[PDB]
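**Q** Sending over a structure as structure tokens; questions will come in a sec.
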Amino acid sequence: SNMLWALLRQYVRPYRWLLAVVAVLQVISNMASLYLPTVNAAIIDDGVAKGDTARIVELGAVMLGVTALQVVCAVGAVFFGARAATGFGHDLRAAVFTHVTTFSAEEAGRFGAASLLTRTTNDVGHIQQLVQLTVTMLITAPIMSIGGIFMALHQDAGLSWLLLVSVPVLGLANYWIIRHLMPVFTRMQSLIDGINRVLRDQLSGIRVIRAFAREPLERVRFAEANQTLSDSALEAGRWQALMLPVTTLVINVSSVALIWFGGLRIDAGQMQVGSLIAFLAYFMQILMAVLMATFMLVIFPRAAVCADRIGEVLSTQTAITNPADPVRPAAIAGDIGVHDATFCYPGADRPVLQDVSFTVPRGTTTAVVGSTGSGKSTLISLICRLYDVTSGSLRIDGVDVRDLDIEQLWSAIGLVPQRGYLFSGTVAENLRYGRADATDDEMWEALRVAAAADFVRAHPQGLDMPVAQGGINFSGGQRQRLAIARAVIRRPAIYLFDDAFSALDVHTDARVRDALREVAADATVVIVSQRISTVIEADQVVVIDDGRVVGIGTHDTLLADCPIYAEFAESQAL
Amino acid sequence: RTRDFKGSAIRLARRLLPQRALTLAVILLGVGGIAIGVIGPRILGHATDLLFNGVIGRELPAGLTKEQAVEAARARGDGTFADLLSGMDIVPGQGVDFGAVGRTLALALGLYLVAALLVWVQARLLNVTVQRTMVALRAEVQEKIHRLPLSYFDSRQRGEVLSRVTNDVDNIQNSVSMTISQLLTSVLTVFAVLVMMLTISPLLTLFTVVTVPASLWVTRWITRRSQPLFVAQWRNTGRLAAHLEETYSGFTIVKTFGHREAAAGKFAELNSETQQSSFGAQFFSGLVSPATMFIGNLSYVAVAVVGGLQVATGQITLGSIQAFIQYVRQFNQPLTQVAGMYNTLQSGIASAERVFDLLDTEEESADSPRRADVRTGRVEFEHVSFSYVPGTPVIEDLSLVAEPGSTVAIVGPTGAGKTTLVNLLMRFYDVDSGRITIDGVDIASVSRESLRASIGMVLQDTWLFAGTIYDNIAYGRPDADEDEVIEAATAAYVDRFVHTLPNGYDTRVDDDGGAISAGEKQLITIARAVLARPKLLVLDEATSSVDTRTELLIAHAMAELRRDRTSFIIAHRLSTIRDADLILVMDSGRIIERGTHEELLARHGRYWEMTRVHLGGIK
Ligand SMILES: Nc1ncnc2c1ncn2[C@@H]1O[C@H](COP(=O)(O)OP(=O)(O)O)[C@@H](O)[C@H]1O
């Protein structure tokens, strides 16, 4: 729709300093290209009629001068247009990234990492591609038409009326074709995306598809998708086949009427023969430029859909922000005053979390356990304000978390996510994120604490060893150990653990917990896990099911207090 | 890069030739339209010549001979004008006969109209045939994907075949659908114009065609100049994409620890650098058209000057010169983007040869329609020694036996060959020097589809396709009902959280809801398996990302309780499979020991080791 034009007229605004120059240079280039056959015709009108071959040779010198001016100004126009398009792309990328960094985890999940990245790296590229093509290639045709009518008026006040009446019907025919054709192109792109999604899903499955033997359904689904794409293809092809012949016929009928009307006026002596050559050259330039531009125009639906996606990103503002004057205690410790906490996505039947309440003293260690799907995964994010509660209240040091300085809170919170991720680079750089200015001995002590010093020392080149994206070079729970080291160098007042210990074994988890007690006794620790052995030694435990608390106490009391945790006990017993 | 131009080109052509009569008729219509479109300017020039004759014959005294008029002009001077009169055909004193002009222009307009009609019908026919052949090719690709063995997919990069079957077909479209029309018209136009202009004047033809070597040389030079910058731009955009990867994937880790500013600064620096790189590369790439345009226009200047000189000489007529001025422009028209068509055609050639190599690979070994089905659920293995590649006996001499209705389980280290075993049960890979039987009959004598329709299988990882959760569940049996779907959902405990989602059974699983983590995806997958009501269920680490309690309840619900069917259970936690009708211990193939929970622990096997060591925290 019009989303592309809004994005353009918003973001290319700082580049009127350059696109105007591009337009002026394009105008002068096409005016030179039309001055070229005008003096070509003047060669016949004067040089041929008088027979002066000299007039021919100096008109050829002028010919060369005009074409040299045309090429230099045209290459300058292309240069400046490329600069403007690249600047537009850079600004769009910067704005998209800056706006999306304000998002929380909710919006990131809403959009998805891969979709977000492809949107911010390929759609913007397509948009800038179209911008450069329209400022360097497409605008030739309208400028060509304007130059043709202007130079026809300059040649004479007579026969120019035929050109002035022949060009607008061309333009109207072009517009008529494109108006019908564009929705066909956008439906084309929609069907192309759908069929690509179908192929990607089928190839990703293969094993499961052959297992369930759903071949009859997959075959017919692909058949109907391809048949719809073929119908759209025929619909587009009809207008595409109409495109060139109407323009060619219009140019040819303009030329034949041109000769027919010019001959009569030349017989009366009002018109000269060379003007015919000039006019035919004008119409052929018009045909070439219009055909070229309309053929390039197929890029428009791509930019339309890319602009729709970019508008999807840009329109959604973040719902999480500092309340313009939060409190700055600067000495917060472990309180975590959960009180009637509730959380739920809009439109859902059962809330994610509801009517839960628990508190932890300054330096105590707590843990929460329960079945998958109970909503325990989002509780850590609620504590860290990755998601804001719906109607509940949880307070740190007596003040609700939404009233805190989120930057200060994140500074004071050490978090290991369930999705253990590492940035590409080295351990000695990924680990820096806990403090950004730590020392080597501190890093080695952290690896000792995280029960991970052994293999990092085993590397021949030392702790400064390379890592791939996401720690994929590592075997597994090694990444969780690295995350634990990253968290522990920070020396946070509050520790947040989200099922990270699950990837580890029992003995390594016990060693890590012992090290945490040794080092971070003053600080508080919150653990999420599905394993009882990691929770037994915690000071207190809370068990939640279906988004609400079903048991609070200690392991010794809870093993007989509630049968719900007895389910876990029996499941883990041998 | 390309490796086969002629072979891939002729294969792409033979993908179109089956039309035969249609293809040759399209070629005939195209060549006729091009020829008549070339001819049109010739008659236009003839009409202009008639007009110019009738114009400049007026000033001469009437009734004189053309030679007499030339001599009279030459005697007073006007040598070039006298030559012009001598080389041009006018009867002195006679005006323009508008009847001949009308006839000529009427013929021109009629031939132009029929040219346009033929061009349109030729375009419509080519569109129809290319789309038909394209649908056929894509259907063949899909059929092959349905027929290919699993080793083909498993022995290459994950995105490789995906790009080969999705993006390369789109490249084939955007290449052939363009070229077979525009390049064909371009080559027909250049041949027709060159032969016509050769029949016009040879020196003019040389002065025009000198641009072709110049055009090819200049486009080659610009390509070689821009290639290093193009590669640098590619590398820098790749670096930007990679940085975007680790700042988006670990976005939570970026918001935590407050490293937004450093990432933003690095992104801004690399974005500015990529801006300069793209600026240079794109300028150098886009300057191709103005250069060839100037070369063609310099050729046009030469044409104009030499045509004026020759007309003054009298060796040629004005109308021929006008037709030639038209012809040089229609000759320049293709060369402006001939490089574009060449690169697009080469890319299409490479994609076509890749697709054809994909389509020419080996398929499944024509499964015999034996159509055997299970009745009780007995399984048996006999000394199978399967390997992905010879030299790596990942499976070796197993002889596991399970009675119908048993829930036999296997334990082993990660990567030891469990998934290979479950694939071999699925005939995903063939047997190697071994025999496997279901209910006493060898699978190798059984049709694969009938077997797979009755097994029921779930992998270590989950698979989900675009659609709702309801669609993913119903994929197990499409002709079921929503009551059955919700019954299976309650059986698989997905109901405990599906209502927590924005719309139950309606969330687009390809649109992640945030709360949809890996464990509940595994629950969705096992629910899908449940709906199919399988009789030979296999659980290959299907519960890795879920709590042990949920695993024990669901297992007791649908495997232990379902005594009517046998089952295979694979898990990395021993307490998840304790007391499950005898347990196997496999260590990189080479099945070690079998027995029930108590008996296997009492014999101090490796199972006893792992149960004792892990629970006690000993290392
Ligand atoms: N496509 C493949 N090509 C070659 N080797 C493979 C392929 N897939 C798996 N393997 C090898 O076979 C072994 C399979 O082990 P696997 O069945 O995954 O054990 P588990 O299921 O317990 O993880 C792996 O160690 C791996 O090295």
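Chain labels follow the order of the structure tokens: the first chain is A, the next B, and so on; residue numbering restarts at 1 in every chain, and ligands are counted from 1 in their shown order.
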If you count only C-alpha atoms, which residues fall within 9 Å of stretch 266-270 of chain B, apart from same-chain ones fewer than 4 positions away, as a VMD selection string?
**A** (chain A and resid 94 97) or (chain B and resid 236 239 to 240 243 to 244 261 to 262 274 to 275)
**Q** List every residue of stretch 352-541 of chain B that DSSP, applied to the backbone of this structure, places in strand (DSSP E or B), and write the result as a PyMOL selection string.
**A** chain B and resi 379-382+401-402+409-411+435-438+441-442+457-458+468+508+536-540
**Q** Using N, CA, C and O atoms, can you write the selected residues to a file as a compact mmCIF listing (two decimals), in the first residue's frame?
**A**
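Everything below was put into part15.txt:
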```
# COMPACT_ATOMS: atom_id res chain seq x y z
N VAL B 379 9.17 -58.04 18.10
CA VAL B 379 10.30 -57.51 17.34
C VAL B 379 11.50 -58.42 17.55
O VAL B 379 11.57 -59.17 18.53
N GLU B 380 12.44 -58.36 16.61
CA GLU B 380 13.63 -59.21 16.68
C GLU B 380 14.73 -58.60 15.82
O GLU B 380 14.47 -58.13 14.71
N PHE B 381 15.95 -58.62 16.34
CA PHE B 381 17.12 -58.13 15.64
C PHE B 381 18.16 -59.24 15.57
O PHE B 381 18.29 -60.05 16.50
N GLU B 382 18.90 -59.30 14.46
CA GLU B 382 19.85 -60.39 14.22
C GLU B 382 21.14 -59.83 13.64
O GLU B 382 21.26 -59.67 12.43
N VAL B 401 15.61 -59.04 21.84
CA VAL B 401 14.35 -59.75 21.70
C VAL B 401 13.33 -59.11 22.63
O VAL B 401 13.61 -58.88 23.81
N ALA B 402 12.14 -58.83 22.10
CA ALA B 402 11.06 -58.27 22.90
C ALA B 402 9.75 -58.95 22.54
O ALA B 402 9.41 -59.07 21.36
N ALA B 409 13.18 -51.07 27.18
CA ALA B 409 13.90 -49.81 27.10
C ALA B 409 15.39 -50.07 26.92
O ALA B 409 15.90 -51.16 27.18
N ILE B 410 16.09 -49.04 26.45
CA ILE B 410 17.52 -49.10 26.17
C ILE B 410 18.19 -47.90 26.82
O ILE B 410 17.61 -46.81 26.86
N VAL B 411 19.40 -48.11 27.34
CA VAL B 411 20.20 -47.03 27.92
C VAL B 411 21.57 -47.02 27.25
O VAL B 411 22.15 -48.06 26.96
N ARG B 435 19.46 -59.19 10.03
CA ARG B 435 18.05 -59.48 9.81
C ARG B 435 17.23 -58.88 10.94
O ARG B 435 17.55 -59.05 12.11
N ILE B 436 16.17 -58.17 10.57
CA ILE B 436 15.24 -57.57 11.52
C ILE B 436 13.83 -58.02 11.14
O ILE B 436 13.49 -58.03 9.95
N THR B 437 13.05 -58.43 12.13
CA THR B 437 11.70 -58.94 11.88
C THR B 437 10.71 -58.30 12.84
O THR B 437 11.03 -58.02 14.00
N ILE B 438 9.50 -58.06 12.33
CA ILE B 438 8.37 -57.62 13.14
C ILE B 438 7.33 -58.73 13.10
O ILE B 438 6.86 -59.11 12.02
N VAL B 441 8.21 -61.72 10.70
CA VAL B 441 8.40 -61.53 9.26
C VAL B 441 9.41 -60.41 9.04
O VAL B 441 9.36 -59.37 9.72
N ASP B 442 10.33 -60.63 8.11
CA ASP B 442 11.38 -59.66 7.83
C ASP B 442 10.79 -58.40 7.22
O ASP B 442 9.93 -58.46 6.34
N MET B 457 6.36 -42.88 15.76
CA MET B 457 7.76 -42.60 16.04
C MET B 457 7.93 -41.14 16.40
O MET B 457 7.28 -40.27 15.82
N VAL B 458 8.82 -40.88 17.36
CA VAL B 458 9.19 -39.53 17.78
C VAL B 458 10.70 -39.50 17.96
O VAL B 458 11.30 -40.46 18.46
N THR B 468 -1.66 -23.94 12.91
CA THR B 468 -2.07 -23.90 14.31
C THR B 468 -1.60 -25.16 15.03
O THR B 468 -1.20 -26.15 14.42
N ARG B 508 -0.36 -19.77 15.92
CA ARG B 508 0.51 -20.12 14.80
C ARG B 508 1.86 -20.55 15.36
O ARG B 508 2.61 -19.72 15.88
N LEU B 536 3.29 -49.85 17.66
CA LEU B 536 4.71 -50.14 17.85
C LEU B 536 5.46 -48.88 18.25
O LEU B 536 6.48 -48.51 17.66
N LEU B 537 4.93 -48.18 19.25
CA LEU B 537 5.46 -46.89 19.66
C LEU B 537 6.93 -46.99 20.04
O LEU B 537 7.37 -47.94 20.69
N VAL B 538 7.70 -45.99 19.61
CA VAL B 538 9.10 -45.84 19.99
C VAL B 538 9.31 -44.43 20.52
O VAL B 538 8.87 -43.46 19.88
N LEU B 539 9.95 -44.31 21.67
CA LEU B 539 10.18 -43.02 22.33
C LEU B 539 11.68 -42.79 22.40
O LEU B 539 12.34 -43.24 23.34
N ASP B 540 12.23 -42.10 21.40
CA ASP B 540 13.66 -41.84 21.32
C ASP B 540 13.95 -40.45 21.88
O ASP B 540 13.98 -39.46 21.15
```
**Q** Contacts of residue A:278 at 7 Å or less, counting only C-alpha atoms, minus same-chain residues fewer than 4 places along, as a PyMOL selection string?
**A** chain A and resi 37-38+41+274+282
**Q** Using only C-alpha atoms, determine which residues lie at most 12 Å from residue B:298, disregarding the query and same-chain residues fewer than 3 positions distant; provide the list as a PyMOL selection string.
**A** (chain A and resi 33+36+60-68+70-71) or (chain B and resi 207-211+214-215+291-295+301-305+328-329+332)
**Q** For the residues in that selection, give me N, CA, C and O atoms as a CSV table (one decimal), in the first residue's frame.
**A**
```csv
chain,number,residue,atom,x,y,z
A,33,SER,N,20.5,14.3,-24.5
A,33,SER,CA,20.2,13.2,-25.4
A,33,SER,C,19.2,13.5,-26.4
A,33,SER,O,19.1,12.9,-27.5
A,36,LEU,N,20.9,16.0,-29.0
A,36,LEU,CA,21.7,15.2,-29.9
A,36,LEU,C,20.9,15.1,-31.3
A,36,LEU,O,21.5,15.5,-32.3
A,60,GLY,N,29.1,18.0,-36.4
A,60,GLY,CA,29.6,16.8,-35.7
A,60,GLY,C,30.5,17.1,-34.5
A,60,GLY,O,30.4,16.4,-33.5
A,61,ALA,N,31.3,18.1,-34.6
A,61,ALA,CA,32.0,18.6,-33.4
A,61,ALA,C,31.1,18.9,-32.2
A,61,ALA,O,31.3,18.5,-31.1
A,62,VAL,N,30.0,19.7,-32.6
A,62,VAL,CA,29.0,20.0,-31.6
A,62,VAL,C,28.3,18.7,-31.1
A,62,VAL,O,27.9,18.6,-29.9
A,63,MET,N,28.1,17.8,-32.0
A,63,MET,CA,27.5,16.5,-31.7
A,63,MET,C,28.3,15.8,-30.6
A,63,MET,O,27.7,15.4,-29.6
A,64,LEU,N,29.6,15.7,-30.8
A,64,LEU,CA,30.5,15.1,-29.8
A,64,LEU,C,30.5,15.8,-28.5
A,64,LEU,O,30.5,15.2,-27.4
A,65,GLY,N,30.5,17.2,-28.6
A,65,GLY,CA,30.5,17.9,-27.3
A,65,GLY,C,29.2,17.7,-26.5
A,65,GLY,O,29.3,17.5,-25.3
A,66,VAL,N,28.1,17.6,-27.2
A,66,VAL,CA,26.8,17.3,-26.5
A,66,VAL,C,26.8,15.9,-25.9
A,66,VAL,O,26.4,15.8,-24.8
A,67,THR,N,27.3,14.9,-26.6
A,67,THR,CA,27.2,13.6,-26.1
A,67,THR,C,28.2,13.4,-24.9
A,67,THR,O,28.0,12.7,-24.0
A,68,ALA,N,29.4,14.1,-25.0
A,68,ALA,CA,30.3,14.1,-23.9
A,68,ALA,C,29.7,14.8,-22.6
A,68,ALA,O,29.8,14.2,-21.5
A,70,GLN,N,26.6,14.9,-22.0
A,70,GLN,CA,25.5,14.0,-21.6
A,70,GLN,C,26.1,12.8,-20.7
A,70,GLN,O,25.6,12.5,-19.6
A,71,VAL,N,27.2,12.2,-21.2
A,71,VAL,CA,27.8,11.1,-20.4
A,71,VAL,C,28.4,11.6,-19.1
A,71,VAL,O,28.2,10.9,-18.1
B,207,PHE,N,30.6,1.4,-39.3
B,207,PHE,CA,30.6,2.5,-38.3
B,207,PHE,C,29.7,2.3,-37.2
B,207,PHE,O,29.9,2.9,-36.1
B,208,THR,N,28.7,1.4,-37.3
B,208,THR,CA,27.8,1.1,-36.2
B,208,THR,C,28.4,-0.1,-35.4
B,208,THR,O,28.7,0.0,-34.2
B,209,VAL,N,28.7,-1.2,-36.1
B,209,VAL,CA,29.1,-2.4,-35.4
B,209,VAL,C,30.5,-2.3,-34.7
B,209,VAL,O,30.9,-3.3,-34.0
B,210,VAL,N,31.2,-1.3,-35.0
B,210,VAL,CA,32.5,-1.1,-34.2
B,210,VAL,C,32.2,-1.0,-32.7
B,210,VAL,O,33.1,-1.2,-31.9
B,211,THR,N,30.9,-0.6,-32.4
B,211,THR,CA,30.6,-0.5,-30.9
B,211,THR,C,30.6,-1.8,-30.2
B,211,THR,O,30.8,-1.9,-29.0
B,214,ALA,N,33.7,-2.7,-28.7
B,214,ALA,CA,33.9,-1.7,-27.6
B,214,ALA,C,33.0,-1.9,-26.4
B,214,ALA,O,33.4,-1.8,-25.3
B,215,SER,N,31.7,-2.3,-26.7
B,215,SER,CA,30.8,-2.5,-25.6
B,215,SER,C,31.2,-3.7,-24.8
B,215,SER,O,31.2,-3.6,-23.5
B,291,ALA,N,28.2,4.1,-19.8
B,291,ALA,CA,29.4,3.9,-20.6
B,291,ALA,C,29.0,3.3,-22.0
B,291,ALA,O,29.4,3.9,-23.0
B,292,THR,N,28.3,2.2,-22.0
B,292,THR,CA,27.8,1.7,-23.3
B,292,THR,C,26.9,2.6,-24.0
B,292,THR,O,26.9,2.7,-25.2
B,293,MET,N,26.1,3.4,-23.2
B,293,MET,CA,25.2,4.4,-23.8
B,293,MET,C,26.0,5.4,-24.6
B,293,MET,O,25.7,5.8,-25.7
B,294,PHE,N,27.1,5.9,-24.0
B,294,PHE,CA,28.0,6.9,-24.6
B,294,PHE,C,28.7,6.3,-25.8
B,294,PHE,O,28.9,6.9,-26.8
B,295,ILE,N,29.1,5.0,-25.7
B,295,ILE,CA,29.7,4.4,-26.9
B,295,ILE,C,28.8,4.3,-28.1
B,295,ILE,O,29.1,4.6,-29.2
B,301,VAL,N,26.7,9.5,-33.5
B,301,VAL,CA,27.3,10.7,-34.1
B,301,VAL,C,28.1,10.4,-35.4
B,301,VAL,O,27.9,11.1,-36.4
B,302,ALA,N,28.9,9.3,-35.4
B,302,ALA,CA,29.6,9.0,-36.6
B,302,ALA,C,28.6,8.6,-37.7
B,302,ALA,O,28.8,9.1,-38.9
B,303,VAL,N,27.5,7.9,-37.4
B,303,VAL,CA,26.5,7.6,-38.4
B,303,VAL,C,25.9,8.9,-39.0
B,303,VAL,O,25.8,9.0,-40.2
B,304,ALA,N,25.5,9.8,-38.1
B,304,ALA,CA,24.9,11.1,-38.6
B,304,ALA,C,25.9,11.8,-39.5
B,304,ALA,O,25.4,12.3,-40.6
B,305,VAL,N,27.1,12.0,-39.1
B,305,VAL,CA,28.0,12.8,-39.9
B,305,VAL,C,28.3,12.1,-41.2
B,305,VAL,O,28.3,12.8,-42.3
B,328,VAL,N,19.9,2.3,-35.8
B,328,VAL,CA,21.1,2.4,-34.9
B,328,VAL,C,20.5,2.4,-33.5
B,328,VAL,O,21.1,1.9,-32.6
B,329,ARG,N,19.4,3.1,-33.3
B,329,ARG,CA,18.8,3.2,-31.9
B,329,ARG,C,18.2,1.8,-31.5
B,329,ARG,O,18.5,1.4,-30.4
B,332,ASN,N,21.1,-0.2,-30.6
B,332,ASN,CA,21.7,0.1,-29.3
B,332,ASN,C,20.9,-0.4,-28.1
B,332,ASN,O,21.4,-0.7,-27.1
```
**Q** Of the residues B:23, B:315, B:297, B:392, which is the one nearest to chain A, using only C-alpha atoms?
**A** B:297
**Q** Pick the closest to chain A from B:109, B:473, B:75, B:570: which is it, counting only C-alpha atoms?
**A** B:109
**Q** Kindly compile the residues surrounding ligand 1 within 9 Å, counting only C-alpha atoms and all ligand atoms, and format them as a count of residues only.
**A** 32
**Q** Please return as a VMD selection string: the residues of stretch 178-387 of chain B that backbone DSSP assigns to helix (DSSP H, G or I).
**A** chain B and resid 178 to 200 202 to 209 211 to 249 251 to 258 260 to 286 288 to 313 318 to 335 338 to 359
**Q** Can you list, as a ChimeraX atom specification, every protein, DNA or RNA residue that comes within 9 Å of residue A:316 when you count only C-alpha atoms, leaving out same-chain residues fewer than 3 positions away?
**A** /A:103,107,311-313,319
**Q** Limited to C-alpha atoms, could you put the picked residues into a file as a short mmCIF file (atom, residue, chain, number, x, y, z; two decimals), in the first residue's frame?
**A**
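Writing the result to selection_19.cif gives the following:
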```cif
data_model
loop_
_atom_site.label_atom_id
_atom_site.label_comp_id
_atom_site.auth_asym_id
_atom_site.auth_seq_id
_atom_site.Cartn_x
_atom_site.Cartn_y
_atom_site.Cartn_z
CA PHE A 103 12.14 -4.11 22.71
CA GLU A 107 8.36 -8.41 21.41
CA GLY A 311 6.38 -0.87 9.42
CA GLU A 312 5.37 -3.89 11.47
CA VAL A 313 8.67 -3.55 13.32
CA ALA A 319 5.61 -1.53 26.62
#
```
**Q** So the first atom is atom CA of residue B:378 and the second is atom CA of residue B:452; what is the distance between them in Å, to one decimal place?
**A**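 Interatomic distance here is 15.7 Å.
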**Q** B:373, B:564, B:160, B:245: which is nearest chain A, counting only C-alpha atoms?
**A** B:245
**Q** Mind checking which residues fall within 10 Å of residue A:440, counting only C-alpha atoms, ignoring those fewer than 4 positions away in the same chain, and posting them as a count of residues only?
**A** 6
**Q** Can you tell me, as a tab-separated table (two decimals) with C-alpha atoms, in the first residue's frame, what residues are no more than 12 Å from residue B:285 when counting only C-alpha atoms, ignoring any on the same chain fewer than 5 positions away?
**A**
```tsv
chain	number	residue	atom	x	y	z
A	75	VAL	CA	27.65	9.32	-14.67
A	78	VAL	CA	24.42	7.80	-11.13
A	79	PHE	CA	27.23	8.47	-8.65
A	82	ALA	CA	24.12	5.68	-5.48
A	132	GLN	CA	18.66	3.53	-6.41
B	219	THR	CA	31.60	-4.04	-19.77
B	220	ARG	CA	34.30	-6.67	-19.16
B	221	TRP	CA	36.70	-4.00	-17.86
B	222	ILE	CA	34.06	-2.52	-15.56
B	223	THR	CA	33.19	-5.98	-14.25
B	224	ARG	CA	36.84	-6.76	-13.53
B	225	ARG	CA	37.24	-3.38	-11.83
B	226	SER	CA	34.15	-3.82	-9.66
B	227	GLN	CA	34.72	-7.47	-8.70
B	228	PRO	CA	37.10	-6.76	-5.77
B	229	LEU	CA	34.73	-4.11	-4.43
B	230	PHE	CA	31.77	-6.45	-4.91
B	233	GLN	CA	30.82	-5.53	-0.01
B	278	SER	CA	28.18	-0.60	-0.73
B	279	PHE	CA	28.41	2.95	-2.06
B	280	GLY	CA	31.62	2.21	-3.94
B	290	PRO	CA	26.07	5.11	-19.13
B	291	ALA	CA	29.38	3.91	-20.61
B	339	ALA	CA	25.31	-7.77	-19.87
B	340	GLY	CA	22.34	-7.97	-17.51
```
**Q** One number please: atom CA of residue A:303 to atom CA of residue A:88, in Å, one decimal.
**A**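 Result for atom CA of residue A:303 versus atom CA of residue A:88: 13.9 Å, one decimal.
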**Q** Can you write out as JSON lines which residues of stretch 407-488 of chain A fall within 12 Å of stretch 393-400 of chain A, alongside each residue's closest atom pair and its distance in Å to one decimal, counting only C-alpha atoms and ordering rows by chain and ascending residue number?
**A**
```
{"residue": "A:409", "atom": "CA", "partner": "A:396", "partner_atom": "CA", "distance": 9.7}
{"residue": "A:412", "atom": "CA", "partner": "A:396", "partner_atom": "CA", "distance": 11.4}
{"residue": "A:413", "atom": "CA", "partner": "A:396", "partner_atom": "CA", "distance": 11.5}
```
**Q** Restricting the calculation to only C-alpha atoms, which member of B:525, B:249, B:86, B:347 is positioned closest to residue B:469?
**A** B:525
